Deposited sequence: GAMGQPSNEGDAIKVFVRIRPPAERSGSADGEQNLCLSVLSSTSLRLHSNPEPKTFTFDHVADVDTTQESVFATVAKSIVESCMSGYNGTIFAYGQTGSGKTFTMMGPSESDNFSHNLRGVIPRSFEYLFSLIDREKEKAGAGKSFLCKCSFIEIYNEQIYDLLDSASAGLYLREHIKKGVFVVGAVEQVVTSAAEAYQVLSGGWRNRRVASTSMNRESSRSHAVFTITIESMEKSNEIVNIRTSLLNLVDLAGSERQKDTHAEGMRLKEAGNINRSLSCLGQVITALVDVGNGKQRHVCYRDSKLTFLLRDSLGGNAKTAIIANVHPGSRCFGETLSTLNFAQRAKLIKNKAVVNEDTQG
């Protein structure tokens, strides 16, 4: 198959604290200063503390969206310790309403790009629906409906795992996509301040189904793509168990992809299950690993880099999800 794509993004430390623990050697390479012997890692890209939101999009998402348009499933998720910048990365800063639009993250920029590609693709027609859900403590909540209850996971023949009874909102424009996101991202923030004891333990999954029909009478070709944009629970220890499953799954896959054989429990967590195609399955996956340089993050940084390194070993098999009728 095709190896998944791993990127490392180093967020800048808070202003006015030296002594970094991490040095970027090149656009593919970084050195972790561990003693006595330093380690170096190689990824598809390494972005330093100055990297802009837009840069991130171009390096990571642009490709995924494109292959989405061509009918492949695709997935981007952000992994890393709490406070490493996952949310800033996929979403943007909070709290900034009347300004700093250049700060919006991957997900908003993805909407923009997707819809302009579509606009330009026009015979053929397009249909997009969004879902936004949150997994907290092995438990599902619908961000589009705060009154929803009893959400649960279910397999399909099409191979899709999905959340049964989650709102699927139809959107015809970036702008419409944007309130779906806004409304949900708020519910997420709003729930995190009582409990939902922390937002640092919840995974957030924003999904767009992208379905085109090329229809030249009588015949109709149908392409359908599932795009998952995920902001994970923080990876620090104690280690949240769904993330532990994530580690276990990544590991088993590697044993398998290169030799041996192994059992991979996708069903050990709602996350690994819902993401089953994203790992080793039918989809084009990109992982952004967020790390905070700086010396007191050394341990969690080391874990993140270790995790991401294996992840880069995994291979998916992704096909155009197609169909013909009429």
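Show which contiguous pieces of the deposited sequence have no C-alpha coordinates, counting from residue 1. Gaps vs deposited seq, in order: 1-9, 27-32, 138-142, 258-272.
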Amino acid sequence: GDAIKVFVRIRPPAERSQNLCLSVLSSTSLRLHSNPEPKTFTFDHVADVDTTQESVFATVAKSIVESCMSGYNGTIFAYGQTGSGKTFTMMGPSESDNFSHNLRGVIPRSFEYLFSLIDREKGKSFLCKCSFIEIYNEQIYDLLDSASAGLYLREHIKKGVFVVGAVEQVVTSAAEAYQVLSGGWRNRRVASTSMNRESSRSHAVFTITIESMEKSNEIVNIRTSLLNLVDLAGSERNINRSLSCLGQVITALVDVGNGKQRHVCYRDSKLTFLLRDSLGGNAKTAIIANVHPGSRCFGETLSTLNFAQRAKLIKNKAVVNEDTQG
From here on, numbers count along this sequence of modelled residues.
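Taking the mean of the C-alpha B-factors per stretch from the entry, tell me the winner out of 103-111 and 130-138. That would be 130-138.
Which of the two stretches, 25-33 or 285-293, shows the higher mean Cα temperature factor in the record? In the deposited entry, the stretch with the higher C-alpha B-factor mean is 25-33.
Among the candidates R201, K124, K86, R154, give the one with the maximum CA B-factor reported in the record. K124 has the highest C-alpha B-factor of those listed.
C-alpha B-factor winner, where the candidates are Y79, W185, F206, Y72: Of the options given, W185 has the highest CA B-factor in the PDB entry.
Would you mind ranking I4 by its C-alpha B-factor against the rest of the chain and naming the third, lowest, middle or highest? For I4, whose C-alpha B-factor we compare with every modelled residue in the chain, the answer is the middle third.
Using the temperature factors of the C-alpha atoms in this entry, rank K260 within its chain: lowest, middle or highest third. As the PDB entry reports it, the C-alpha B-factor of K260 lands in the highest third of its chain.
Place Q169 in the lowest, middle or highest third of its chain's C-alpha B-factors, as listed in the PDB entry. For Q169, whose C-alpha B-factor we compare with every modelled residue in the chain, the answer is the middle third.
Report the third (lowest, middle or highest) to which the CA temperature factor of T304 belongs, ranking only the modelled residues of the same chain. As the PDB entry reports it, the C-alpha B-factor of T304 lands in the lowest third of its chain.
Lowest, middle or highest third: where is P93 by C-alpha B factor in its chain? For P93, the deposited C-alpha B-factor lands in the highest third.
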